[PDB]
Amino acid sequence: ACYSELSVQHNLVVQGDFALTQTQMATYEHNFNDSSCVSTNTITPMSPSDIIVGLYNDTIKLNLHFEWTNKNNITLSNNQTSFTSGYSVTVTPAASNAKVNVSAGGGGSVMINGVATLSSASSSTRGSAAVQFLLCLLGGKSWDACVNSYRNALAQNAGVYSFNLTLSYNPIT
């Protein structure tokens, strides 16, 4: 069993020449150490979802695509507490008629909680939490409310290990 809810924060700054290049990528990793992990445990990476981000009263819309660096489960031997996980994010211009998942309001930076999540939770818990998360987003609830319910469900009897991402863009003018 594992019991920690751990998170890490990474700051992505979209560079000015994104106007020309229309692409940017970053691969973030983090060493999680859950000192509460006892016995043997399996940490499973949860399937991510693309995120449409809106900046400057939603006049700039960015597509964020996430991918696990390694899609395999992490097997923690007896009382092994430490593991390293990571993901890649690719930023590109959104399809214009895309619906914004997260908005900076009138500014150019947003916090995006839980862009990528691992959990020690059971197959049954993971399956239902992942379905309810997908249905949460389709129903029109806010990204944060959906992520919060997803974390709460995974963490019931397990550990949750989450990546948060701040995205900032100050285009050249």
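Nothing fancy with the numbering, it's 1 onward along the sequence. Heavy-atom basis, side chains included; hydrogens, waters and symmetry copies ignored.
No side-chain heavy atom of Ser120 sits less than 4.5 Å from a side-chain heavy atom of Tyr3. Under the 4.5 Å side-chain criterion, counting only non-hydrogen atoms from C-beta, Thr23 is in contact with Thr90. Residues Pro48 and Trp68 are in side-chain contact: their nearest non-hydrogen atoms beyond the backbone lie under 4.5 Å apart. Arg151 is listed as a side-chain neighbour of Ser162, based on a closest heavy-atom distance under 4.5 Å. Residues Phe133 and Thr117 fail the side-chain proximity criterion, which asks for heavy atoms closer than 4.5 Å. In this structure the side chain of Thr166 never reaches within 4.5 angstrom of the side chain of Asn164, judged on heavy atoms. Under the 4.5 Å side-chain criterion, counting only non-hydrogen atoms from C-beta, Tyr169 is not in contact with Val91. Side-chain contact between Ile74 and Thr42: absent, with no pair of heavy atoms (C-beta onward) separated by less than 4.5 Å.
Summarising the geometry of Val102 relative to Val100, their closest heavy-atom pair is O-CG1, 3.2 Å, with the distance given to 0.1 Å. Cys2 and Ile43 make their closest contact through SG-CD1, 4.5 Å (heavy atoms, listed as atom of the first residue, atom of the second, distance). Closest approach of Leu12 to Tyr28, counting heavy atoms only: CB-OH, 3.3 Å. Considering all non-hydrogen atoms of both residues, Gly108 and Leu55 come closest at C-CD2, 3.7 Å. Scanning all heavy atoms of the two residues, the minimum distance from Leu76 to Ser82 falls at CD2-O, 3.9 Å. Contact between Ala121 and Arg126 at its shortest, heavy atoms only, is O-NE, 2.8 Å.
The distance from the CG atom of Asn70 to the CG atom of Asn73 is 9.0 Å, given to the nearest 0.5 Å. A distance of 11.5 Å separates OG1 of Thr92 from CD of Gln24, quoted to the nearest 0.5 Å. Rounding to the nearest 0.5 Å gives a distance of 9.0 Å between CD of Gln132 and OG of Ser149. The structure places CG of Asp34 at 12.0 Å from CG of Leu118, a figure rounded to the nearest 0.5 Å. The structure places OH of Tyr150 at 10.5 Å from CG of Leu137, a figure rounded to the nearest 0.5 Å. To the nearest 0.5 Å, the span separating CG on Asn113 from CD on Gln9 amounts to 8.0 Å.
At a threshold of 4.5 Å between side-chain heavy atoms, the hydrophobic network of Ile, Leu, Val, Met, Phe, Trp and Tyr places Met111 and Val14 in two separate groups. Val8 and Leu6 end up in the same hydrophobic cluster when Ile, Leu, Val, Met, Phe, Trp and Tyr side chains are linked at under 4.5 Å. Residues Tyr56 and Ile112 share a hydrophobic cluster, clusters being chains of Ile/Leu/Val/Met/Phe/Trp/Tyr side chains in contact below 4.5 Å.
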- Message: Show, in sequence, the C-alpha distance, side-chain angles and deciding distance for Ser142 and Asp144, and conclude whether the side-chain hydrogen bond (donor to acceptor under 3.5 Å, both in side chains) test is met.
- Response: CA-CA 5 Å; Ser142 77; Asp144 274 339; 5.6 Å; no

- Task: Evaluate the criterion side-chain contact (heavy atoms from CB on, under 4.5 Å) for residue pair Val115 and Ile51; output intermediate values, then yes/no.
- Result: CA-CA 8 Å; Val115 302; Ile51 301 175; 4.0 Å; yes

- Begin from the C-alpha positions of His30 and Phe32 and carry the test ring pair (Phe, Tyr, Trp, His ring centres under 6.0 Å) through to its verdict. CA-CA 6 Å; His30 183 67; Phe32 294 97; 4.6 Å; yes

- Task: Report the C-alpha separation of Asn79 and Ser39 in whole Å, then their side-chain angles, then the decisive distance to 0.1 Å, and conclude whether the side-chain hydrogen bond (donor to acceptor under 3.5 Å, both in side chains) test is met.
- Result: CA-CA 5 Å; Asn79 303 323; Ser39 195; over 6 Å; no

- Task: Tell me, with the steps shown, if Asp50 and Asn63 meet side-chain contact (heavy atoms from CB on, under 4.5 Å).
- Result: CA-CA 7 Å; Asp50 276 40; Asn63 178 280; 3.2 Å; yes

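Side chain to side chain, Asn11 and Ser168 fail the donor-acceptor criterion of an N or O pair below 3.5 Å. With 3.5 Å as the limit, one finds no donor-acceptor pair spanning the side chains of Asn78 and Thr40. Counted by atom type alone, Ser124 and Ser122 present one or more donor-acceptor pairs between their side chains at under 3.5 Å. A donor and an acceptor atom, one from each side chain of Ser88 and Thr27, are located under 3.5 Å apart. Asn57 and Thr59 share no donor-acceptor pair across their side chains, judged by distance under 3.5 Å alone. Side-chain atoms of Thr81 and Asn33 include a donor-acceptor pair closer than 3.5 Å.
Remark: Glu29 CD is loosely packed, at most 12 non-hydrogen atoms of other residues, nucleotides or ligands lying under 6.0 Å away.
Residues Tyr161 and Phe83 bring their aromatic ring centres within 6.0 Å. In this structure, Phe163 has its ring center under 6.0 Å from that of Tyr87.
A donor-acceptor contact shorter than 3.5 Å is absent between the side chain of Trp143 and the backbone of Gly114. Remark: side-chain polar atoms of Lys61 are not paired, donor with acceptor, to backbone N or O of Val53 under 3.5 angstrom. The main-chain N or O of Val13 is found under 3.5 Å from a side-chain atom of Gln15 such that the two form a donor-acceptor pair. Looking at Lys141, its side chain never comes within 3.5 Å of a backbone N or O of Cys136 through a donor-acceptor pair. Put simply, the side chain of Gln156 gets close to the backbone of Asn152: a donor and an acceptor are under 3.5 Å apart.
Checking each of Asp58, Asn101, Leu64 against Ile52 for a side chain to side chain contact (heavy atoms under 4.5 Å, CB included) leaves exactly one that passes, namely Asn101.
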